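Everything below concerns the one structure shown next.
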Amino acid sequence: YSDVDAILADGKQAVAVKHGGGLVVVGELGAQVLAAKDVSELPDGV
Amino acid sequence: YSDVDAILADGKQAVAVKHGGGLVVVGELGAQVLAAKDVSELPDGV
Amino acid sequence: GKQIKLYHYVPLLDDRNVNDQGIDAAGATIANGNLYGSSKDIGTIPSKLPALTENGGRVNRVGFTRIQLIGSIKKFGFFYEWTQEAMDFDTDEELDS
Amino acid sequence: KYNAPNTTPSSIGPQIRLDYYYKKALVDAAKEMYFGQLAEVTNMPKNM
Amino acid sequence: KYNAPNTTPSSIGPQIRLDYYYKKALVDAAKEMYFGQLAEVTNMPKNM
């Protein structure tokens with residue numbers, strides 16, 4: 001990704017990071033894995 | 001991990017949480033898995 | 001302590017600004033803390049120009065560096081000795097000068 | 001003997017200060033601009 | 001940015017003075033004198 005609009009245009013979401021650097025990028029799959037509690041709530045792919 | 005330097009020195013990054021709690025620490029795969037749209041962009045590991 | 005230290009603040013765009021505080025428009029893992037250094041190549045600067053967008057935020061971060069100098073002092077010396085007779089009974093009565 | 005402190009500690013004991021800090025720092029001069037001071041300016045209004 | 005302790009180099013660069021030197025030093029009080037006070041003095045002349 002070159003510009004900040006690329007993530008938005010691509011469809012990925014972007015979270016600003018405070019302590020260190022910044023701008024971690026989240027995709028819908030990555031979020032859904034990231035939103036998992038137990039082995040049941042991870043996606044099919046993983 | 002004891003202090004906020006420990007994450008930073010390790011290279012691991014941390015994001016400030018809003019709703020409730022402290023910090024969420026992000027590693028580079030954990031970020032790169034996090035930035036995956038479909039099954040193709042997950043690591044070789046997953 | 002027989003030594004003197006200094007600080008030589010390197011400018012931003014100089015390629016001596018080695019820095020880890022490097023964030024591009026999208027990511028934050030840029031090792032090149034300086035925007036583009038002094039590469040001076042048309043094929044580089046447009047890519048590395050700080051092109052901010054409508055939405056701002058944590059984009060194009062930079063850091064700065066300082067340089068420490070060091071210099072030390074040393075001791076030197078020598079000597080010569082003469083006897084009274086060497087001055088008294090010498091062919092030239094100007095040896096002292 | 002003062003010797004070579006830290007590496008060879010002096011007779012009296014440790015030396016905590018071993019470096020005079022000259023305050024005046026070295027600052028690189030700014031480059032001279034040439035392609036500036038050569039263009040005209042046309043104002044671009046807002047709301048447009 | 002950050003100023004991690006010199007062993008872990010500061011972001012800006014090398015650090016010279018890491019310590020503040022307290023000028024005033026610590027001494028030891030002289031042991032109080034006891035036997036010396038009680039004494040008689042007899043002068044011994046020279047060349048004798």
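Cβ coordinates were reconstructed from backbone atoms using ideal geometry, including for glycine residues, and neighbour counts include every protein chain displayed. Throughout, read-outs are computed from the coordinates displayed, never taken from laboratory work.
The table for this structure:
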quantity	calculated
Every pair of residues 6+ apart whose Cβ atoms lie under 9 Å, when the first sits in region A:22-43 and is within 14 Å of chain C (Cβ to nearest Cβ) and crowded, with 16+ Cβ neighbours inside 10 Å while the second is of a type in the set (F, W, Y) and not in a strand (DSSP E or B)	A:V25/A:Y1
Breaking point among (1) under 30 Å from D:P14 (Cβ atoms); (2) assigned to a loop (DSSP other than H, G, I, E, B), for C:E93	(1)
Positions within region C:7-17 being within 9 Å of chain D (Cβ to nearest Cβ), under 30 Å from C:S72 (Cβ atoms) and surrounded by fewer than 18 Cβ atoms within 10 Å (Cβ to Cβ), in sequence order	C:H8, C:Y9, C:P11, C:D14
Some residue of region E:2-16 being within 14 Å of another protein chain (Cβ to nearest Cβ), of a type in the set (F, W, Y) and either surrounded by 10 or more Cβ atoms within 10 Å (Cβ to Cβ) or touching a residue at least 60 places away in the same chain (Cβ under 8 Å) (or both)	yes
Test: residue in region C:68-89 that is touching a residue at least 24 places away in the same chain (Cβ under 8 Å), away from chain D (no Cβ under 14 Å), surrounded by fewer than 17 Cβ atoms within 10 Å (Cβ to Cβ) and under 29 Å from D:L18 (Cβ atoms)	no
Residue list for region B:10-21, restricted to those being within 21 Å of B:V46 (Cβ to Cβ) and more than 7 Å from every other protein chain (Cβ to nearest Cβ)	B:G11, B:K12
Evaluation of B:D44 against (1) more than 22 Å from A:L42 (Cα to Cα); (2) over 10 Å from the mean Cα position of the chain (by Cα); (3) of a type in the set (D, E, K, R) (one fails), failing number	(1)
Only one of D:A25, D:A39, D:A30 that is of a type outside the set (K, R), within 22 Å of the chain's Cα centre (by Cα) and loosely packed, with under 10 Cβ neighbours inside 10 Å	D:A30
Verdict on A:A6 being in contact with a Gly (Cβ under 7 Å, 6 or more places away or on another chain) and within 19 Å of C:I23 (Cα to Cα)	no
When residues of region D:24-48 are limited to those that are within 9 Å of another protein chain (Cβ to nearest Cβ) and of a type in the set (D, E, K, R), the one nearest to C:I70 (Cα to Cα)	D:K24
Top-ranked residue of region C:18-67 - restricted to ones that are away from chain A (no Cβ under 11 Å) and in a strand (DSSP E or B), ranked as surrounded by the most Cβ atoms within 10 Å (Cβ to Cβ)	C:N19
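One line per residue, one yes/no per condition, for (1) touching a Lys or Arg at 6+ places or on another chain (Cβ under 9 Å); (2) not aliphatic (A, V, I, L, M):
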residue: A:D5; (1), (2): no, yes
residue: A:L8; (1), (2): no, no
residue: A:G21; (1), (2): yes, yes
residue: A:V24; (1), (2): no, no
residue: A:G27; (1), (2): yes, yes
residue: A:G30; (1), (2): yes, yes
residue: A:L34; (1), (2): no, no
residue: A:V46; (1), (2): no, no
